Amino acid sequence: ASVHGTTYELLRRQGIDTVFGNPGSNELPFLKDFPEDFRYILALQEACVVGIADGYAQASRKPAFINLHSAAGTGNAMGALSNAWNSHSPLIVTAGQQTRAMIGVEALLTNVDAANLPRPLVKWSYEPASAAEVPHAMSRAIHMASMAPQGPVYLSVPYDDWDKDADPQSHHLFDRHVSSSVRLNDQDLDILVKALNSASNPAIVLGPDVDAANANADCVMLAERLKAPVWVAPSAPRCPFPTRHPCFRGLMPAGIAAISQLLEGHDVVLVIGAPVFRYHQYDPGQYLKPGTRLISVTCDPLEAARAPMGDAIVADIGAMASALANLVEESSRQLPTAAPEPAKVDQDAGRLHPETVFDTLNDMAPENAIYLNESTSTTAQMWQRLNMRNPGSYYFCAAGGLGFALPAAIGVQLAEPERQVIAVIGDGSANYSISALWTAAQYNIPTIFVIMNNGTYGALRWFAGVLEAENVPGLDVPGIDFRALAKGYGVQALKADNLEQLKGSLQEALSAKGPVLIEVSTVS
Amino acid sequence: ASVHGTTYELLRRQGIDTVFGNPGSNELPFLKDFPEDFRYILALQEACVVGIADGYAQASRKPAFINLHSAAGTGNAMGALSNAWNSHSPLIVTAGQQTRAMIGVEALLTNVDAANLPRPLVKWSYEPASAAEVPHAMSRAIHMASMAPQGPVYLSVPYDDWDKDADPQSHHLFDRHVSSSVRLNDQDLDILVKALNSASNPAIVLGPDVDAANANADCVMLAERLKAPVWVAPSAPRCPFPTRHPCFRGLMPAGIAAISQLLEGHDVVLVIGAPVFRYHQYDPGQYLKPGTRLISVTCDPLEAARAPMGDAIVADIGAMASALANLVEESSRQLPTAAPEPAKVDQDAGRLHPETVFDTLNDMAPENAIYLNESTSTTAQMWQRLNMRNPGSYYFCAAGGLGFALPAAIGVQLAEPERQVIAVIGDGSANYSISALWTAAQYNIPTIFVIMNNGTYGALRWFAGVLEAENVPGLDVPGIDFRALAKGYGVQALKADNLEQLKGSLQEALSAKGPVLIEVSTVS
Amino acid sequence: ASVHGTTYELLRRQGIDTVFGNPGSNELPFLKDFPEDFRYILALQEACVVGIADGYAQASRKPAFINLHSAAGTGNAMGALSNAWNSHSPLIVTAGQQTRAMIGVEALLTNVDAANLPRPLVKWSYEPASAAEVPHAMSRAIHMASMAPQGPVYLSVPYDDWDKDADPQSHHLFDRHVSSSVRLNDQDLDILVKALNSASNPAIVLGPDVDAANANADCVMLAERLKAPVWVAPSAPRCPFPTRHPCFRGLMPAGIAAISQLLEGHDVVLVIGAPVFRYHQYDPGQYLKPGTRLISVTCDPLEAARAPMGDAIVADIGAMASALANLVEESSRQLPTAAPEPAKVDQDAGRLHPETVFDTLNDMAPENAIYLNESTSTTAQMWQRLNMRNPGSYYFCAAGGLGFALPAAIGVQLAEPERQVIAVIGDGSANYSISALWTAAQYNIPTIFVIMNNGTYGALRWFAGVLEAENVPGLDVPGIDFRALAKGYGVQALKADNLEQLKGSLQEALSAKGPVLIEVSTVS
Ligand SMILES: COP(=O)(O)[C@@](O)(c1ccccc1)c1sc(CCOP(=O)(O)OP(=O)(O)O)c(C)[n+]1Cc1cnc(C)nc1N
Ligand SMILES: COP(=O)(O)[C@@](O)(c1ccccc1)c1sc(CCOP(=O)(O)OP(=O)(O)O)c(C)[n+]1Cc1cnc(C)nc1N
Ligand SMILES: COP(=O)(O)[C@@](O)(c1ccccc1)c1sc(CCOP(=O)(O)OP(=O)(O)O)c(C)[n+]1Cc1cnc(C)nc1N
Ligand SMILES: [Ca+2]
Ligand SMILES: [Ca+2]
Ligand SMILES: [Ca+2]
């Protein structure tokens with residue numbers, strides 16, 4: 001067998017059947033004789049390739065496979081890799097290298113010092129020392145991406161390797177099963193359970209690894225048994241809990257003082273599947289107030305190490321959430337009362353308040369819709385106004401890197417063909433990965449894109465306001481016609497200048513057979 | 001509080017009470033006002049500092065704390081760090097940096113690009129962005145070293161940081177408990193146990209992480225229940241099993257073909273706490289023969305990823321070995337028969353055969369002796385001839401880096417004051433870290449050093465023989481007087497030119513109140 | 001031809017005929033059939049290998065070639081590489097890698113992420129993608145080490161590469177001539193010369209790259225023409241000027257304030273072949289005082305970039321010093337007056353003052369002696385008391401990394417067989433690379449080693465004194481018998497407890513036919 005044949009066999013035996021890519025000459029020997037059981041998803045720029053693959057992996061809860069062109073293709077994807085690192089996305093990033101005979105002279109398209117290029121944004125990064133090693137290196141990449149804590153990995157392959165003879169002993173790679181589905185030992189788990197049972201006023205904080213593990217239902221059971229309020233950890237990349245469940249208390253503000261104040265009076269705070277904590281704004285104060293102790297369950301040693309407070313347990317989130325939910329006592333305390341419905345913001349017949357947009361989406365979207373958020377100034381309102389009952393219903397750029405939601409919404413929609421994906425994206429954010437629209441059109445992936453157009457980088461205006469910063473350049477983005485951009489890439493386009501038009505546009509979009517972009521005129 | 005006071009409080013609260021070091025000016029502000037409850041162990045070169053700390057950590061089964069001088073001190077220790085990486089040794093390596101005001105100009109003793117210096121031999125490597133961050137960074141270092149898979153970490157600290165005010169919120173660091181004591185979920189553990197119960201001819205292979213976890217006794221129970229032969233994985237850094245137990249089958253040869261042949265006919269091979277596998281020599285063949293399947297339990301994702309065959313489970317070795325030992329059925333198969341005693345090699349009244357030396361050590365040493373091996377050509381014979389009943393009885397340079405055993409034997413002896421340490425070290429190997437002898441003399445750490453003097457790099461002569469390599473330079477090391485070297489560093493010195501003298505020297509050494517070096521004239 | 005044959009041909013055609021090494025199995029296929037026209041110099045530990053090669057390269061003013069064993073051998077040498085980086089030493093460091101077929105599994109002796117290991121201490125670091133690339137990669141290593149600014153480089157070679165067929169087109173590598181012998185363009189050089197001619201009170205500061213370039217005599221001419229005082233830049237790795245020439249003003253103190261004070265009143269300060277500046281102690285103040293402007297000629301862009309003051313020209317030191325010396329006007333100002341002779345320190349019949357030792361060395365050593373300094377507390381006195389008339393007469397660890405002078409003195413003596421090398425090394429410093437003594441004995445390289453024994457890390461006691469630091473551990477090194485250490489490694493050993501014995505010992509050492517170590521009892 002060839003390295004080509006052996007590698008594709010390894011991929012299929014490990015459950016991989018799709019290649020997300022933007023092709024180049026170093027990759028042609030890999031892509032030739034493309035197997036008939038595989039699918040190739042083209043995107044026009046590598047931030048888009050990786051964003052699509054990322055959405056697909058996060059929603060499918062399985063690794064996604066990417067093929068990029070040498071250093072320039074890899075480089076174009078590095079902002080996207082920053083998000084993937086923070087979301088623990090299992091991405092296998094491969095990049096084609098020059099033929100081994102031309103690496104020394106640094107021919108055009110040589111990826112120099114290749115394994116160093118994507119660092120520090122990957123778990124593992126490698127170029128094999130010989131062609132016959134390629135299948136083994138691919139095996140390493142698959143498992144490194146897939147083991148807890150999941151994350152992106154990088155493999156560089158000289159293009160002449162594919163046609164070489166594979167090692168017959170590579171067959172041992174095909175069916176390897178590698179598990180990190182582990183939980184705390186019985187003795188120490190019993191200690192933890194007793195601490196939860198004994199708490200007088202417990203609180204629960206959940207992060208994105210809960211949703212990645214599909215541990216949501218177990219966390220609901222856990223919260224119900226403990227009669228505990230549930231918050232989502234700050235800067236949330238995913239939604240780990242039904243947002244209208246009586247225990248739900250919403251998204252935590254991303255500040256040190258804000259969080260310790262919120263947790264004041266809670267004697268035991270159990271954090272599951274989150275860093276402690278993904279703060280954002282400067283908000284100095286106490287990490288925790290006197291009387292509060294924190295216990296973190298995390299899949300990631302790097303998270304456990306850097307928490308400034310609390311105890312930690314490094315284990316699989318699925319296994320731990322299931323064990324805790326099934327072991328804790330039913331508390332005799334009263335179940336928390338549901339948060340009241342949000343207020344309706346006054347809305348005239350002109351430009352849309354973001355609150356109006358979210359209320360209308362909530363009214364009209366199916367109960368199993370999936371939302372993506374890259375409308376950076378409206379996140380708090382979005383979290384309050386969308387009833388998200390089901391797992392896998394929310395995605396937000398985990399490293400704050402713009403250019404995620406537009407392509408990721410396409411990957412999510414590909415992963416979940418029966419759940420309507422609705423990406424709510426600011427006019428600024430929409431540009432970073434605008435060319436991803438083409439992939440939705442070409443493959444008829446029926447994502448709905450809602451562009452919140454207020455003509456400015458709104459979140460930056462706000463942060464500048466709090467800093468009291470005068471004379472900041474580059475904050476306005478006037479003069480972008482999003483309907484024309486959509487037309488450019490073959491996506492049906494609608495405009496909503498007021499509420500009547502918003503409802504009409506959403507009705508049309510929800511009824512459409514392909515992707516649709518709606519440009520919404522929102523208040524400055 | 002100062003950063004100095006806060007950092008020492010964090011260290012003591014996390015169980016650290018000893019600093020292994022070689023001092024410099026960048027470290028003086030850390031070492032001043034050295035706490036009265038701490039101990040400082042000086043060594044004369046940094047390979048020795050780290051080797052001593054490494055032996056101490058491995059034997060104590062807890063992190064060891066190291067303080068080195070900037071780039072040159074760190075650099076001198078990098079061979080030692082290569083071993084520590086392979087043995088999963090929890091080492092907290094700190095190095096002093098220039099004052100922040102002088103880093104930019106690259107004053108003498110500036111550690112340039114400091115965090116990159118020890119890579120790729122550390123789990124985590126960092127320089128804090130401010131003085132107040134130092135305690136938090138130290139906390140990260142402690143936990144990164146200590147979490148499975150354990151390993152060395154690196155922290156660079158500008159010398160002006162120590163006198164600065166600490167953040168009062170650093171108190172939250174002091175008592176953090178971080179656990180990675182995890183095992184496979186119940187459902188999948190039951191599947192594994194059933195596979196072991198159902199095996200017709202199981203075999204067990206154990207690596208160094210078994211001994212690190214003190215999982216030895218649990219592995220004995222497991223082997224007895226399964227009635228299974230037990231091998232030690234190749235290139236063994238530690239001894240994970242009583243070497244005269246009936247199930248014991250010895251050290252595996254470090255070759256692909258050799259190992260698959262050894263495992264032929266075994267239907268299920270369970271590997272615990274080892275890489276799969278630390279091969280050494282070129283010995284191409286089948287990874288496993290038809291009819292053998294392999295299951296690996298490893299604490300290290302990097303090991304699970306790179307295994308060329310078998311299934312893997314990434315979990316704590318202590319927790320997994322205990323669970324398996326207590327869950328498996330008692331097989332009705334006959335218990336394996338003990339290996340017969342080794343043959344006595346013919347020995348005249350002249351120079352000593354290594355076999356004679358090991359037989360004599362076995363005869364005379366206490367039953368709870370601890371051995372170290374850096375006699376590279378005699379390893380197979382050592383493993384056959386020393387009855388090692390207890391855990392923590394054997395150490396060998398885990399990355400093959402010479403200069404480990406001499407200093408490590410001092411650290412081990414410090415960790416285990418009631419167990420006689422005997423380091424068996426070749427004449428070539430003895431030189432790499434010769435100055436470590438001084439630390440044994442100064443602190444009166446009563447390690448026995450047995451120098452196997454055959455005048456040559458024996459293992460290299462052998463590898464050259466198999467390669468059929470003629471005219472290789474640099475293989476001989478004549479003209480070293482090890483008694484004079486011992487005298488140089490204040491260690492009592494004896495010479496054994498024959499068996500009568502060997503017995504006499506060992507009797508004197510075992511009766512001595514301090515460290516002793518015995519130079520043994522061994523056969524070429 | 002084989003890769004082996006082609007690589008040795010490239011080496012010899014590029015002027016390399018010596019391999020400094022400590023061998024291992026990954027290197028045996030390189031070292032086998034060792035060419036009869038090459039020499040191999042064995043040392044017992046890799047810090048010693050690299051130190052010897054470094055002294056050899058610095059004294060010979062040509063690249064030195066090193067062969068180390070994988071990661072552990074490379075790691076043991078990294079402190080030595082820190083010095084080599086700072087001295088711009090042209091060192092070609094090669095290390096053997098596992099066979100390509102065993103790299104993936106990370107067999108014992110695999111150098112993982114090899115090219116990253118020696119960073120940031122090398123100019124270039126690489127592992128070739130194929131065997132046939134090895135000669136080209138070696139060519140790159142030779143030229144990268146040799147081009148200004150010279151420095152160490154690293155090449156990792158899988159051991160199976162050597163026996164493979166070379167590319168016949170590799171012959172084009174053999175005779176490549178690569179020059180960086182460049183100087184400032186005529187127009188701008190004329191501007192510089194006019195600025196020097198017009199200066200009313202110029203000063204000259206010289207660094208190690210002057211001595212490396214053998215630009216010393218040209219700098220003498222330059223200083224004589226400009227009638228300018230000449231200082232050596234601080235933390236001096238080499239001596240760039242005759243120390244009894246009337247213009248000579250000695251070693252600059254390594255402090256910001258000290259240097260600006262020294263330069264006060266000098267209108268133009270010309271720095272040649274030094275960083276601006278290698279400060280050491282904290283000594284805050286003005287970089288330059290009003291009225292002083294600085295112009296730096298440096299071979300190293302990294303030096304030019306980081307200078308906090310002055311203009312800079314990046315060019316070859318030899319070419320620039322020659323051009324300036326031959327272009328400047330003869331000033332009509334009076335030639336500076338020679339510094340007066342140092343005072344004789346009162347000396348009783350007991351332990352030796354360092355000043356006495358240096359005076360006696362100056363009295364007895366030949367006029368073409370070469371000194372090395374690793375007696376860290378006595379440097380200022382050494383510089384004042386040794387008349388060094390000739391180039392290449394002084395070496396001091398350029399990064400402050402101890403363990404340099406003992407091995408480097410052996411390499412220097414090998415490079416300069418007709419110039420008596422005398423290494424003056426503190427009792428603390430002597431231990432770092434003590435095993436290097438063996439190489440001097442084995443090859444009968446007649447270096448004289450003068451051990452300044454005061455029982456303590458003297459420089460650290462002084463820095464602790466100025467910091468007012470109490471209770472610092474690890475500052476004393478009692479109980480080392482240096483005569484016994486010398487005997488251990490086969491070097492003739494003498495002791496000097498007083499002046500009478502010092503003179504007697506030096507007379508014997510200077511008359512000896514081999515290496516000699518003198519242990520001198522110096523004042524605490
Ligand atoms: C033979 O094509 P290659 O050697 O692969 C290619 O790299 C290249 C680069 C420079 C000169 C000629 C070809 C080019 S050329 C190429 C096609 C560009 O199509 P375009 O329609 O612009 O022009 P044309 O080829 O039809 O005239 C692609 C996608 N690539 C790979 C590639 C992918 N993603 C990124 C960021 N950079 C890249 N270079
Ligand atoms: C066949 O020998 P190798 O595979 O090359 C070797 O690496 C090794 C390592 C572990 C087990 C067996 C051999 C060893 S063994 C070896 C000889 C040691 O001589 P010694 O006199 O100590 O014992 P013996 O061989 O005579 O019994 C050397 C120099 N090397 C290479 C080496 C050089 N410098 C440093 C820092 N570490 C190293 N390992
Ligand atoms: C004030 O001392 P420092 O600034 O710390 C020091 O780095 C130094 C370097 C160059 C010139 C002056 C001092 C030196 S000087 C010093 C003492 C050496 O003692 P030695 O007995 O050799 O001479 P002396 O000081 O008594 O005359 C030490 C241990 N250090 C730190 C150090 C530790 N380990 C290694 C590999 N390299 C180092 N430089
Ligand atoms: Ca906007
Ligand atoms: Ca030997
Ligand atoms: Ca001293």
# chains A, B, ... in the order shown; residues from 1 in each chain; ligands from 1
$ residues_near_ligand --ligand "ligand 5" --cutoff "9 Å" --atoms "only C-alpha atoms and all ligand atoms" --output "ChimeraX atom specification"
/B:375-377,425-429,451-459,476-477,522,524
$ interface_residues --of "chain A" --to "chain B" --cutoff "9 Å" --atoms "only C-alpha atoms" --output "ChimeraX atom specification"
/A:136-137,139-144,147-148,169-186,188,285-288,301-302,304-315,319-320,323
$ residues_around --residues "stretch 69-73 of chain A" --least-positions-apart "5" --cutoff "12 Å" --atoms "only C-alpha atoms" --output "ChimeraX atom specification"
/A:20-28,30-31,43-50,78-80,93-99,103,107-118,127,154-159
$ residues_around --residues "residue A:517" --least-positions-apart "5" --cutoff "10 Å" --atoms "only C-alpha atoms" --output "PyMOL selection string"
chain A and resi 422-423+437+447-451+482-483+485-487+491-495+505-506+509
$ write_last_selection --atoms "N, CA and C atoms" --output "tab-separated table (two decimals), in the first residue's frame"
chain	number	residue	atom	x	y	z
A	422	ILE	N	-28.86	30.15	13.19
A	422	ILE	CA	-29.03	31.60	13.03
A	422	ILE	C	-27.82	32.29	13.66
A	423	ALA	N	-26.99	32.88	12.81
A	423	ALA	CA	-25.80	33.60	13.27
A	423	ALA	C	-26.10	35.08	13.36
A	437	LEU	N	-19.29	32.99	3.18
A	437	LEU	CA	-20.64	32.96	2.62
A	437	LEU	C	-20.71	32.06	1.39
A	447	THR	N	-27.76	28.08	6.44
A	447	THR	CA	-27.54	28.97	7.56
A	447	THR	C	-28.22	30.32	7.32
A	448	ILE	N	-28.80	30.90	8.37
A	448	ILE	CA	-29.32	32.27	8.33
A	448	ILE	C	-28.32	33.20	9.01
A	449	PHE	N	-27.93	34.26	8.32
A	449	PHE	CA	-26.99	35.23	8.85
A	449	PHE	C	-27.72	36.53	9.11
A	450	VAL	N	-27.72	36.98	10.36
A	450	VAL	CA	-28.38	38.23	10.73
A	450	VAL	C	-27.29	39.25	11.02
A	451	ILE	N	-27.16	40.25	10.15
A	451	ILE	CA	-26.11	41.25	10.32
A	451	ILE	C	-26.68	42.46	11.07
A	482	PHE	N	-24.23	45.00	2.87
A	482	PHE	CA	-24.15	43.57	3.14
A	482	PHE	C	-24.99	42.73	2.19
A	483	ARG	N	-26.05	43.32	1.65
A	483	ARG	CA	-26.83	42.64	0.63
A	483	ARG	C	-26.00	42.43	-0.63
A	485	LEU	N	-22.67	42.22	-0.72
A	485	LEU	CA	-21.69	41.18	-0.38
A	485	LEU	C	-22.29	39.78	-0.49
A	486	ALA	N	-23.50	39.62	0.05
A	486	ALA	CA	-24.22	38.36	-0.06
A	486	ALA	C	-24.44	37.96	-1.52
A	487	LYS	N	-24.90	38.92	-2.33
A	487	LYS	CA	-25.07	38.70	-3.77
A	487	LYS	C	-23.75	38.28	-4.41
A	491	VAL	N	-25.55	34.30	-2.05
A	491	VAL	CA	-26.48	34.06	-0.95
A	491	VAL	C	-27.64	35.04	-1.06
A	492	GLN	N	-28.87	34.53	-0.97
A	492	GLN	CA	-30.07	35.37	-0.95
A	492	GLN	C	-29.96	36.43	0.14
A	493	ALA	N	-30.33	37.67	-0.18
A	493	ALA	CA	-30.13	38.79	0.72
A	493	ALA	C	-31.41	39.59	0.94
A	494	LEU	N	-31.66	39.95	2.19
A	494	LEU	CA	-32.83	40.74	2.58
A	494	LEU	C	-32.38	41.90	3.46
A	495	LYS	N	-33.19	42.95	3.55
A	495	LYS	CA	-32.88	44.08	4.43
A	495	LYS	C	-34.05	44.39	5.34
A	505	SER	N	-38.71	39.63	6.85
A	505	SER	CA	-37.45	39.03	6.43
A	505	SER	C	-37.20	37.70	7.12
A	506	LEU	N	-37.47	37.63	8.42
A	506	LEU	CA	-37.29	36.37	9.15
A	506	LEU	C	-38.26	35.29	8.66
A	509	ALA	N	-36.77	34.10	5.41
A	509	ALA	CA	-35.54	33.35	5.66
A	509	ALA	C	-35.82	31.96	6.22
$ select_by_dssp --residues "stretch 47-171 of chain C" --states "strand (DSSP E or B)" --output "list in words"
residues 64, 65, 66, 67, 68, 69, 91, 92, 93, 94, 95, 96, 97, 125, 126, 153, 154, 155, 156, 157, 158 and 165 of chain C
$ write_last_selection --atoms "C-alpha atoms" --output "PDB file, in the first residue's frame"
ATOM      1  CA  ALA C  64      35.427  24.468  15.483  1.00  0.00           C
ATOM      2  CA  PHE C  65      33.432  21.292  14.889  1.00  0.00           C
ATOM      3  CA  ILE C  66      31.659  19.446  17.707  1.00  0.00           C
ATOM      4  CA  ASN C  67      29.876  16.074  17.844  1.00  0.00           C
ATOM      5  CA  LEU C  68      27.530  15.359  20.780  1.00  0.00           C
ATOM      6  CA  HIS C  69      25.103  12.601  21.708  1.00  0.00           C
ATOM      7  CA  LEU C  91      30.935  26.564  16.680  1.00  0.00           C
ATOM      8  CA  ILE C  92      29.380  23.887  14.500  1.00  0.00           C
ATOM      9  CA  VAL C  93      27.505  21.672  16.950  1.00  0.00           C
ATOM     10  CA  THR C  94      26.317  18.366  15.526  1.00  0.00           C
ATOM     11  CA  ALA C  95      24.279  15.829  17.463  1.00  0.00           C
ATOM     12  CA  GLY C  96      23.259  12.313  16.504  1.00  0.00           C
ATOM     13  CA  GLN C  97      19.566  11.488  16.224  1.00  0.00           C
ATOM     14  CA  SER C 125      19.297  25.057  14.296  1.00  0.00           C
ATOM     15  CA  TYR C 126      18.098  22.309  11.985  1.00  0.00           C
ATOM     16  CA  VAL C 153      24.859  26.583  15.198  1.00  0.00           C
ATOM     17  CA  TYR C 154      23.190  23.191  15.618  1.00  0.00           C
ATOM     18  CA  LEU C 155      22.618  20.274  13.282  1.00  0.00           C
ATOM     19  CA  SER C 156      20.788  17.074  14.255  1.00  0.00           C
ATOM     20  CA  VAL C 157      21.404  14.025  12.022  1.00  0.00           C
ATOM     21  CA  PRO C 158      19.522  10.702  12.147  1.00  0.00           C
ATOM     22  CA  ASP C 165      23.895   7.662  -1.205  1.00  0.00           C
TER      23      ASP C 165
END
$ residues_around --residues "residue A:321" --least-positions-apart "3" --cutoff "7 Å" --atoms "only C-alpha atoms" --output "NGL selection string"
:A and (215 or 218-219 or 317-318 or 324-325)
$ atom_distance --atom1 "atom CA of residue A:407" --atom2 "atom CA of residue A:57"
12.5 Å
$ select_by_dssp --residues "stretch 166-353 of chain A" --states "helix (DSSP H, G or I)" --output "ChimeraX atom specification"
/A:168-173,186-198,208-212,216-226,256-263,301-306,317-327
$ residues_around --residues "residue A:513" --least-positions-apart "5" --cutoff "9 Å" --atoms "only C-alpha atoms" --output "list in words"
residues 444, 445 and 446 of chain A
$ atom_distance --atom1 "atom CA of residue B:372" --atom2 "atom CA of residue C:75"
21.6 Å
$ residues_around --residues "stretch 244-246 of chain B" --least-positions-apart "3" --cutoff "6 Å" --atoms "only C-alpha atoms" --output "PyMOL selection string"
chain B and resi 336-338
$ atom_distance --atom1 "atom 34 (N, counted along the ligand's line) of ligand 3" --atom2 "atom CA of residue B:408"
19.1 Å
$ decode --residues "stretch 153-164 of chain B" --atoms "N, CA, C and O atoms" --output "compact mmCIF listing (two decimals), in the first residue's frame"
# COMPACT_ATOMS: atom_id res chain seq x y z
N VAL B 153 9.15 21.59 35.28
CA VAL B 153 8.62 22.89 34.86
C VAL B 153 9.67 23.94 35.14
O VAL B 153 10.60 23.70 35.92
N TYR B 154 9.51 25.12 34.54
CA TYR B 154 10.53 26.17 34.62
C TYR B 154 9.92 27.53 34.86
O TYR B 154 8.99 27.92 34.16
N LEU B 155 10.49 28.24 35.82
CA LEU B 155 10.04 29.58 36.16
C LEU B 155 11.24 30.49 36.30
O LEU B 155 12.13 30.25 37.12
N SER B 156 11.24 31.56 35.50
CA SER B 156 12.29 32.58 35.51
C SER B 156 11.79 33.81 36.26
O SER B 156 10.70 34.29 35.98
N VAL B 157 12.57 34.31 37.23
CA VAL B 157 12.11 35.43 38.06
C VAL B 157 13.16 36.54 38.13
O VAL B 157 14.24 36.33 38.66
N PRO B 158 12.83 37.72 37.58
CA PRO B 158 13.71 38.88 37.73
C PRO B 158 14.03 39.16 39.20
O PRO B 158 13.13 39.16 40.04
N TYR B 159 15.30 39.43 39.50
CA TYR B 159 15.71 39.45 40.90
C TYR B 159 15.11 40.57 41.73
O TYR B 159 15.02 40.43 42.95
N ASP B 160 14.67 41.64 41.07
CA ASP B 160 14.05 42.76 41.79
C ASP B 160 12.61 42.49 42.22
O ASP B 160 12.03 43.26 42.98
N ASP B 161 12.03 41.38 41.76
CA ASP B 161 10.64 41.08 42.09
C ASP B 161 10.43 40.72 43.57
O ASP B 161 9.38 41.01 44.13
N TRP B 162 11.43 40.08 44.17
CA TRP B 162 11.26 39.49 45.50
C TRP B 162 10.92 40.49 46.61
O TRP B 162 10.14 40.19 47.51
N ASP B 163 11.50 41.69 46.53
CA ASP B 163 11.29 42.70 47.56
C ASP B 163 10.01 43.51 47.37
O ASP B 163 9.62 44.27 48.26
N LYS B 164 9.34 43.35 46.23
CA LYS B 164 8.11 44.10 45.96
C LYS B 164 6.94 43.60 46.79
O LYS B 164 6.96 42.47 47.28
